[PDB]
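What the coordinates show
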Amino acid sequence: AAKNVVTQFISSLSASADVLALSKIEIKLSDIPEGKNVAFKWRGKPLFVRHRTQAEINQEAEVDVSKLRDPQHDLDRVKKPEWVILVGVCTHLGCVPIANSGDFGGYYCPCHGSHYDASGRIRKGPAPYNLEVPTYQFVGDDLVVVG
Amino acid sequence: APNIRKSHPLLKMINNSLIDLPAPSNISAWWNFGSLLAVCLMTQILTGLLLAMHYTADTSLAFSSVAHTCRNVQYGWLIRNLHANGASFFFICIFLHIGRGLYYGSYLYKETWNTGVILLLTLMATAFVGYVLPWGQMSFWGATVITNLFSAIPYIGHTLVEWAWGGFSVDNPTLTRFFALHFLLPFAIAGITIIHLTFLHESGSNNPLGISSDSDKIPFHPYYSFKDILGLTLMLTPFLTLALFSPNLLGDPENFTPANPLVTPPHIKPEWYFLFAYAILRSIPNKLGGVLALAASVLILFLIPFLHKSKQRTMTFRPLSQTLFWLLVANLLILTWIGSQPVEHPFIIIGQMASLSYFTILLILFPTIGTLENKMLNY
Amino acid sequence: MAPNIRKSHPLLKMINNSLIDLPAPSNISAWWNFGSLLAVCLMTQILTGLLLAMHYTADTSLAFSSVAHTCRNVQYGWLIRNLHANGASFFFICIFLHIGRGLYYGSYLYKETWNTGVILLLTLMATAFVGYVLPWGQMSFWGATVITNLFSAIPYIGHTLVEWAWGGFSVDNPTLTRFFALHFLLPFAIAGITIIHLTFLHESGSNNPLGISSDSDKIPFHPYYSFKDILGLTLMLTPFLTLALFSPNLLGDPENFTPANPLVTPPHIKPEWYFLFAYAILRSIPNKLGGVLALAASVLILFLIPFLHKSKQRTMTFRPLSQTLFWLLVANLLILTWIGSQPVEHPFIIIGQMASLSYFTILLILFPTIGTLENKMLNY
Amino acid sequence: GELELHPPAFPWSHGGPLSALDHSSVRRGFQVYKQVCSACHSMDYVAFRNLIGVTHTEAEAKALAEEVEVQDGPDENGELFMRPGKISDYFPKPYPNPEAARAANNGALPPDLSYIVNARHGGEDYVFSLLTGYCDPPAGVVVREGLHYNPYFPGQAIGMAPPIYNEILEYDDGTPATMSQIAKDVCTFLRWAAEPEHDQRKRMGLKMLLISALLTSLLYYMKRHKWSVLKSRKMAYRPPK
Amino acid sequence: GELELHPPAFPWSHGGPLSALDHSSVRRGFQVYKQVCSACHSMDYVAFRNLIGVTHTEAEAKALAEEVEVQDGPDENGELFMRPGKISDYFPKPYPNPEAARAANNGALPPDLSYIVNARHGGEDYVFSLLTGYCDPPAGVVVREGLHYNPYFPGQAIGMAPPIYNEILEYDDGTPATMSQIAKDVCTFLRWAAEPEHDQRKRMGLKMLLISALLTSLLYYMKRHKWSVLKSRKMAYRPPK
Amino acid sequence: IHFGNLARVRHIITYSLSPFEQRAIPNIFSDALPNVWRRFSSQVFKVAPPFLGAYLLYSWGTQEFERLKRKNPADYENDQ
Ligand code: HEC
Ligand code: HEC
Ligand code: HEM
Ligand code: HEM
Ligand code: HEM
Ligand code: HEM
Ligand SMILES: CO/C=C(/C(=O)OC)c1ccccc1Oc1cc(Oc2ccccc2C#N)ncn1
Ligand SMILES: CO/C=C(/C(=O)OC)c1ccccc1Oc1cc(Oc2ccccc2C#N)ncn1
Ligand SMILES: CCCCCCCCO[C@@H]1O[C@H](CO)[C@@H](O)[C@H](O)[C@H]1O
Ligand SMILES: CCCCCCCCO[C@@H]1O[C@H](CO)[C@@H](O)[C@H](O)[C@H]1O
Ligand code: FES
């Protein structure tokens, strides 16, 4: 009896159903065409899902893994080259980037510069790291489930 | 000292009140309610905090925050049930606790008795303000009906009331202060309870035969620790059976409707445990008299210690007092019933009779029959 | 029963044996005035706290404005708000002087009174921490975010404990509502444990500045200390009110006059002055896990003091070496406080690690060492 | 205006203390609501995700929510906009506010049904009797224009025109949509909307009772075992006399 | 990069611990806000009633509020609608939501001014310096399109074009509206909007100090009076030696 | 009961005057101040030092921080 009552009370304090209901989001890759970045709302913060062309994925390999503050090649970030999914928040002081613009064709944080490439890596600017890459995966050649 | 249960400045306290504490060998089940009341209190505070962590005191979110708690929080519905129904278990236990003391002259322990009356008044205030929080129809109207009674106090009437409301009617500033009060009072109850037991330990417990039990005392543990634990599960069964098989048996369906200041419910009546007082309230047609009669319905308890005439403590060996006692108990069921009925004939007259006999029995008959019985014992 | 009702009565008897006929050392100094100020401080926080609670709304969408409404519409809401917010600092100033006194006079040799005291301090910190979140300003939210995330660094059960505490995935509304509940609750636990604190204390009675038995010279608490303490109350209460009335925001972060915004990190996330020293120690250890432990230890260290006493004398009154070591420590803490308010950059980073390192050295190594050394210099 | 008819007690399959809801009936009752009642009645506290694992599949639920356009926003320019529903959305409100609701129902206000079976004495027995109890006013009684006679409604004049009639819809599970069949199902659904915990609550009641029976017996024996010492105790008075 | 210019300390007439606000200056400051800043800046926490007895007459306040149309509702049909302002209304928001605000200011967001002088280090000294400190960027520095150089703003590139210039408005009290006169007044006003209690708070500080001075001396004497017994006490050791 | 069980004391006499027969703050110049000075003197070199040392460290570190913010002309002497 005790074990149960204690368990129920303890769990009353963990995430409620309405909260879990927003735990993870599933995006349809079919809605996102190449050369065009799309942003969805996940956990109150912007979620970036860009369809990288075989063209952009190339600009990516041409990156000195050892010439970036947060040294990581596309290899370590994505899963399916044609797909880049980032947390739309600058690593500097929390602002939300602007896609396509910037010195490296990726994203530009209008707060203090912070330029991110097509892979979302800090290039020029105050930001320390590169836009975060949240957990996820794919389901069918048209659905991705971030979170 | 040899054993650390006596030397230590803290255990020593736990020992002299729950282990080596001298208890009468013959106390019955009516003595199980103090501990249940204590456990009852720890449980309300516990389930109360768990609910408070999801509640929002704002007229625009109260109702739904409670709904959100029941619908989304893990076991929110269970906690809400237990807290709500726990309030009744609390009162059931408290009325039996009070009864026991009236029937066995425990009130001759004046301080223990008076702190006890204070505990009851605080418990009521707590339940009253707690009831408003969900902000349903009976929540708001109950608040409205009762708080308006006091504008009837001459002079400081409208003042005291408008001060309490924090405005011109029961509104948001009332809700927020009631939440603060509802969170606060239980802690005052816990504190005063310590005093209650402190005065009690001055004398020790009274027993059913009302004679000195110094000749036969037993340690609280294991006799009463076991007796009380048993008494806990025996009561806890009907409690849970109600909260799990008939969650809304005691509640007003009117409270599943968001409060609406422009729609008076047809029957504004309290929870069962207040009905008897609500009856006495309406018995006196005249705003001021009714309020006083209401107040007195509970404050009357402070006079009991002064109306004891018997030469014997309990009513165990007093047959005339015994029936008068059960008349009283029946009197209260009648008032409870009247309180839940509309204000119409025959209920109106029955109400005034029961209200009138209520005070007669306590103020006039009990002390009178007591004296009478003294003569019949040739004393 | 007994002649006077001040001894017989089951309640007055308690009030008498602790505030009137209670035997007090005739020579206790002003450093002994902080206990009563702490008690009064507590009654005042609870009081102003309830008055503010009656107008507060724990919801991310109404918190900030409920507090503004209170300041702007409630009669003297601004005053109460000021007194409560500034009272928190008065509370900590008093507690650090209370702790200091005990360290300097070996009061900690009263182990239980000391340990319940450390518990009072921990509870007071948790209270102020969760209370700080309630207005839901920028530093409210970011402080909550920074600090609570530290624990996701605990092995295995990390992320779990944190997400449990938050009631979700980040500091959000379900965190605010439970923090309000906690903030309302803890102060009462503080009041309760305080009773225990004084109960253990009365077992021995007060220690005094010369650290020798004062049984040969004791005086009743009243009127000597009831007056000394009341005087001590107004002497402190003046700087308090002067601050709360002439410079209301001197100690507060301007960043908190801006509603919390999850998408805008303030440039300098730093605590209230009374937490700075710990924040400094936190950042001294680059490594999420080590820093958290270092942080925890910065306060838990107080539980070890009773075990590191080597001197043959109780106080430091007649221990010149220990006295300078004591003031080094105090200076050490001002430095950490200062470092805690500075950005994490050179020269502050190195200075930070030096002060954090010397902090623990002084309490764990030097104090017990110098103590022994002094025993030898007394030919003991 | 005085005198009221009280509904009878129907034998619902979820009336027993140990009897759950017939989820098949609940699923149908949802359809009734969705296709009939949801036209005027809001149900603010239920969301499509709530159906999953109760009456519908996760796919069915996701589909049901997408049939709805919800208002999201603001966008980049601070504009509101429409979007297809997610299972996290709650059942759509038929009207923006009660003023509009009344405006469209002759100043009458169809209440939210989320807690209706608990907000009314009688519960589902009441709602069922009401839905199937419409009839003509007795002699001497005149119902004002816009109101309909229902003996089960207090005052007998209700602002809701009989909402259901035979075959007013088709149960895609192949059940004969008679009027009473419909009312029966929708009421079962409403019981569920008022308290989703219902089944779990009862399952818990079973465990509570068994453990309660077990634990009380056990504790009775222990209490007795200890007291046996005083219960059987014997004493004697032996003065020097 | 980490370089920043700090404003100087101007001698505001309300800087003294015992010195109140110049209400004449506050009244003017309100005009500036109303006629200039209120175009982009919201001031959510102040209502017209707040001006009464501070800077304006009750009639003036009632007039000022009526110049505004506020959205009330819903009506009988659940419709929103306009109405003239009452003194219980708060100063009007220039935009519906921040998205719209940014939309109209090059993605920049002009913050609510209700607590600005407290939400910024430097307070009114900062706001004054900023308003009157616009100038051209020094060598080597380029301000991106849409931004204006202000040495006092962090990063020196601000999204607010210089808001005030000489005679940009006329003070109906006949004061020479030079640019610095304006900034000085609006800053004073902002001080008041952040803390209306300002004057009362200081008046209270005066009483607190006097009573504090009095009460402390008195209690010092009493403490001393009582202790005098122990302070002057003398003792001696008299063994039967 | 804590008064009467404290210590075994013998042969000590004490003399005291009512508070009304004496002055509250006597001999401020002949006794009080001198002692205040005496007390200050005896402690100053035990308390002051580490606080002075803290101050210096504070000044250095504050200035050293602002100095690192200025530009070193030796980075642009050949940027023609
Ligand atoms: C055309 C809109 C409409 C439809 C469709 C409709 N109702 Fe209603 N309903 C109303 C109105 C209007 C009222 C208000 C009656 C009153 O208060 O006079 C109402 C009231 C109610 C009430 C009882 C109110 C009370 O005070 O007892 C219930 C229960 C109810 N409806 C159930 C249903 C159910 C179940 C359905 C679908 C089977 C349904 N309604 C369909 C309009 C409708
Ligand atoms: C055209 C709209 C507009 C006008 C008119 C205007 N402002 Fe602003 N103001 C802004 C914008 C845009 C910002 C945002 C600046 C940024 O963050 O880059 C701003 C920002 C501010 C800030 C400083 C923000 C900070 O972070 O320090 C203050 C203070 C301020 N304005 C004061 C005023 C005052 C006083 C007036 C009237 C004299 C005024 N503004 C008039 C648009 C305006
Ligand atoms: C929160 C409510 C209360 C708590 C927690 C509490 C608790 C207790 C406890 C634990 C005891 C000892 C066991 C027992 O005799 O049942 C006790 C005894 C007693 N209480 Fe209470 N009590 C409460 C309210 C009251 C009230 C309302 C009254 C009467 C107005 C009262 C009157 C007494 C008296 C007189 C005794 C003596 C019992 C005897 O005759 O031996 N108590 N109470
Ligand atoms: C002496 C103990 C207590 C009593 C008698 C009591 C009684 C009540 C009552 C009568 C209600 C209304 C029940 C209903 O919803 O129908 C209520 C609600 C509530 N109580 Fe308590 N309560 C107690 C302690 C507490 C405490 C200590 C807290 C937490 C600090 C608390 C928090 C709440 C909350 C949040 C509600 C509103 C949510 C709800 O209605 O379920 N209560 N309480
Ligand atoms: C809410 C906080 C606290 C309250 C209300 C409190 C209150 C008191 C009071 C009234 C006394 C007697 C007067 C005095 O000697 O100053 C006392 C003594 C003492 N307290 Fe605390 N205290 C608190 C926190 C602490 C803390 C944090 C410590 C240390 C970790 C502590 C350690 C002691 C000790 C050891 C004594 C003995 C004093 C002596 O040497 O005679 N207390 N406290
Ligand atoms: C140990 C005593 C307490 C401490 C140390 C304390 C500390 C704090 C602190 C640091 C704040 C934030 C101040 C700010 O706005 O900057 C705060 C806010 C608050 N406290 Fe307390 N508090 C205490 C007791 C209480 C109690 C007992 C209540 C009432 C039940 C309470 C209710 C509140 C409320 C409503 C706020 C939010 C409003 C505001 O920000 O002023 N506090 N408290
Ligand atoms: C806010 O209304 C709360 C009610 C309630 O029952 O809470 C448990 C309530 C609901 C409907 C109508 C009235 C209500 O409140 C009350 C309150 C009440 O209080 C007293 C009880 C005994 C003695 C004096 C009073 C008073 N005043 N006596 C009867 N009903
Ligand atoms: C919610 O954040 C509250 C803060 C606060 O200062 O409240 C008074 C706060 C603000 C900004 C940054 C951090 C903040 O919180 C804290 C909390 C904190 O807590 C401790 C203090 C001593 C020892 C251990 C801890 C921990 N954990 N130590 C330092 N800063
Ligand atoms: C008197 C003691 C009563 C204790 C009863 C314990 C029964 C609680 O049992 C509960 O049953 C639910 C439904 O299967 C589960 O979802 C919960 O996890 C489980 O704790
Ligand atoms: C140390 C004790 C200090 C107590 C100081 C009491 C002074 C409070 O005086 C206050 O002054 C305000 C301004 O005139 C008035 O509006 C308040 O009503 C009044 O109470
Ligand atoms: S927050 Fe992105 S550059 Fe600073």
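Residues numbered from 1 in each chain as written, not as in the entry; some residues may be left out. Chains lettered and ligands numbered in written order. Part of a larger assembly, values for the part shown. Heavy atoms only, no water. Residues with missing side-chain atoms left out of burial classes, pairs and counts.

Its PDB header attributes the entry to X-ray crystallography and lists the resolution as 2.84 Å.

Here's the deal with the UniProt feature "binding site: [2Fe-2S] cluster" in chain A
All names here are of chain A. The line we're drawing: UniProt positions are given in the numbering used here, feature names are shortened, and annotations may be inferred rather than shown by experiment. What counts as a helix is a DSSP run of H or I of at least four residues, what counts as a strand is a run of E of at least two, and both are numbered from the N terminus. Relative accessibility decides the category of a residue: with a 1.4 Å probe and only protein chains considered, values under 20% of the type maximum give buried, values over 50% give exposed, and everything between is partly exposed. Whether two residues are in contact is decided by their heavy atoms, any of which lying within 4.5 Å being enough.
The UniProt entry lists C90, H92, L93, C109, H112 and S114 under the feature "binding site: [2Fe-2S] cluster", expressed in the numbering used here. These residues run over 25 residues, yet every pair of their C-alpha atoms falls within 10.2 Å of each other. With respect to the secondary-structure elements, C109 resides in strand β6 (residues 107-109). Overall, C109 belongs to the buried group, its relative accessible area being 2%. With residues near it in sequence (within four places) discarded, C109 still touches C90, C95, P97 and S114.

A word on the state of the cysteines
Residue and element names in this part refer to chain A. Spelled out, the test is: Our working definition of a disulfide is a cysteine sulfur pair at a distance within 2.5 Å.
Summed over all chains, the structure comprises 1 disulfide over all chains. Through a disulfide, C95 is tied to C111; the S-S separation comes to 2.0 Å. Every disulfide takes its handedness from the sign of the S-S torsion; for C95 and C111 that torsion is -90°, giving left-handed. With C95 in the loop between β4 (83-87) and β5 (98-99) and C111 in the loop between β6 and β7 (113-116), this residue pair connects regions lying 16 residues apart in the sequence. Among the residues examined, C111 registers a relative accessible area of 35% and is labelled partly exposed.

Quick look at the coordination of the iron atom of ligand 2
All names here are of chain E. Just so we agree on the cut-off: With water omitted from the atoms examined, metal sites may look incomplete; donors here are N, O and S atoms no farther than 2.8 Å from the metal, or 3.2 Å in the case of Na, K and Ca. Under this scheme a four-donor centre is tetrahedral when all angles range from 85 to 135 degrees, a four-donor centre is square planar and a six-donor centre octahedral when opposite donors are above 155 degrees with the rest from 65 to 115, and any other centre is irregular.
Around the iron atom of ligand 2, the protein contributes the donor atoms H41 (NE2) and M160 (SD), which lie 2.0 to 2.2 Å from the metal centre. If you look at the iron atom of ligand 2, its 6 donor atoms make angles of 88 to 178° with each other, and the shape they trace is octahedral. Within this pair, whereas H41 is found in the loop between α1 (23-35) and α2 (58-66), its partner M160 is found in the loop between β4 (157-158) and α6 (179-194), the two being separated by 119 residues in sequence. A relative accessible area of 24% places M160 in the partly exposed class.

Details of the UniProt feature "transmembrane region" in chain B
Residues and elements named next belong to chain B. Within the UniProt annotation, "transmembrane region" is assigned to residues 33-53, 77-98, 113-133, 178-198, 226-246, 288-308, 320-340 and 347-367. Between the end C-alpha atoms of residues 33-53 the distance is 30 Å, and the span holds 95% helix and 0% strand. Between the end C-alpha atoms of residues 77-98 there is a gap of 32 Å, over a span that is 100% helix and 0% strand.

Overview of the site of ligand 8
Residue and element names in this part refer to chain C. Basically, it comes down to this: We call a residue near a molecule or strand as soon as one heavy atom of that residue lies within 4 Å of the molecule or strand. The term polar contact refers here to a pair of N or O atoms within 3.5 Å; inside protein, the definition further demands a hydrogen-donor-capable atom paired with an acceptor-capable atom, and it admits residues adjacent in sequence only when both atoms are side-chain atoms. Throughout, the Shrake-Rupley method with a 1.4 Å probe supplies accessible areas, and for residues the shown protein chains are the sole cover considered. The residue classification treats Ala, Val, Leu, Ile, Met, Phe, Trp, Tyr, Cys and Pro as nonpolar and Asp, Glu, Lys and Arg as charged. All others, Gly included, are polar.
Taken together, 21 residues are adjacent to ligand 8, and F129, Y132, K270, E272 and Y274 come closest. Contact between ligand 8 and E272: an oxygen atom at 3.1 Å from a main-chain N or O atom of the residue. Protein coverage of the free-state accessible area of ligand 8, which is 660 Å², stands at 92%. Partitioning the shell around ligand 8 into residue classes produces 16 nonpolar, 3 polar and 2 charged.

Notes on the sheet that holds β7 of chain A
Residue and element names in this part refer to chain A. Definition in use: Here, any two strands with at least 2 DSSP bridges between them count as paired.
One open sheet accounts for 3 strands, arranged β5-β6-β7; its pairing is antiparallel. Two strands bound the open sheet, and with one partner strand each, they are β5 and β7. Looking at chain direction, β6 and β7 are connected through 3 bridges and run antiparallel. Across the sheet, the residue bridging to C109 is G113, located in β7.

Some remarks on the arrangement of the chains
The two units chain A and chain F never meet; even their closest C-alpha atoms stay 16 Å apart. Separated in space, chain D and chain F share no contact, their closest pair of C-alpha atoms being 39 Å apart.

A short note on the interface of chain C and chain E
Note the threshold: The quantity reported as buried area is the accessible area (1.4 Å probe) lost by two parts once they are put together, taken as the sum for both. We count a salt bridge whenever a side-chain nitrogen from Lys or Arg sits within 4 Å of a carboxyl oxygen from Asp or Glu.
In this complex, chain C contributes 32 residues to the contact, which on the side of chain E involves 37 residues. Carbon and sulfur atoms make up 66% of the surface buried where chain C meets chain E, a total of about 3000 Å² over both sides. Interface area lost by chain C to chain E is led by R72, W78 and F246 of chain C, which between them contribute 25%. Taken together, the links from chain C to chain E amount to 1 salt bridge. A salt bridge links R233 of chain E to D217 of chain C; the shortest N-O distance between them is 2.9 Å. Going through the elements one at a time, α4 (63-72), α5 (77-104) and α10 (221-246) of chain C are the ones with two or more residues in the side of chain C that touches chain E. When residues of the side of chain C that touches chain E are assigned to their parent elements, the largest contribution, 15 residues, is made by α10 of chain C. The residue inventory of the side of chain C that touches chain E, partitioned by class, reads 20 nonpolar, 8 polar and 4 charged.

Considerations on the relation of the copies chain D and chain E
Cut-off, in case you're wondering: Every copy is matched to the others by a least-squares superposition of C-alpha atoms.
When chain D is brought onto chain E, the operation consists of a screw motion whose angular component is 180° and whose axial shift is 0.1 Å, with 0.2 Å RMSD remaining. Accordingly, the operation relating the two chain copies is best matched by a two-fold axis. Residue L80 of chain D of chain D places its C-alpha closer to the rotation axis than any other residue of that unit, at 8.2 Å. With an isologous cut-off of 70% or more, the 100% of interface residues of chain D that recur at the interface of chain E puts this contact in the isologous class.

Observations regarding the UniProt feature "disulfide bond" in chain A
Where 2.5 Å serves as the upper bound for a disulfide, the S to S distance of 2.0 Å between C95 of chain A and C111 of chain A confirms the link that UniProt reports. Taking relative accessible area as the criterion, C95 of chain A reaches 12% and is therefore assigned buried.

Quick word on the site of ligand 9
Residues in close proximity to ligand 9 include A1, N4 and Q8 of chain A, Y75 and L240 of chain B together with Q200, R203, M204, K207 and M208 of chain D, which together make up its full environment. Those residues lying near ligand 9 are distributed over chains A, B and D. Side-chain polar atom of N4 of chain A to an oxygen atom of ligand 9: 2.8 Å apart, as the coordinates give it. Here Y75 of chain B contributes a side-chain N or O atom positioned 3.3 Å from an oxygen atom of ligand 9. Contact with the protein chains removes 79% of the 530 Å² of surface that ligand 9 exposes when unbound. With 5 residues, helix α7 (residues 198-231) of chain D is the single largest residue contributor to the shell around ligand 9.

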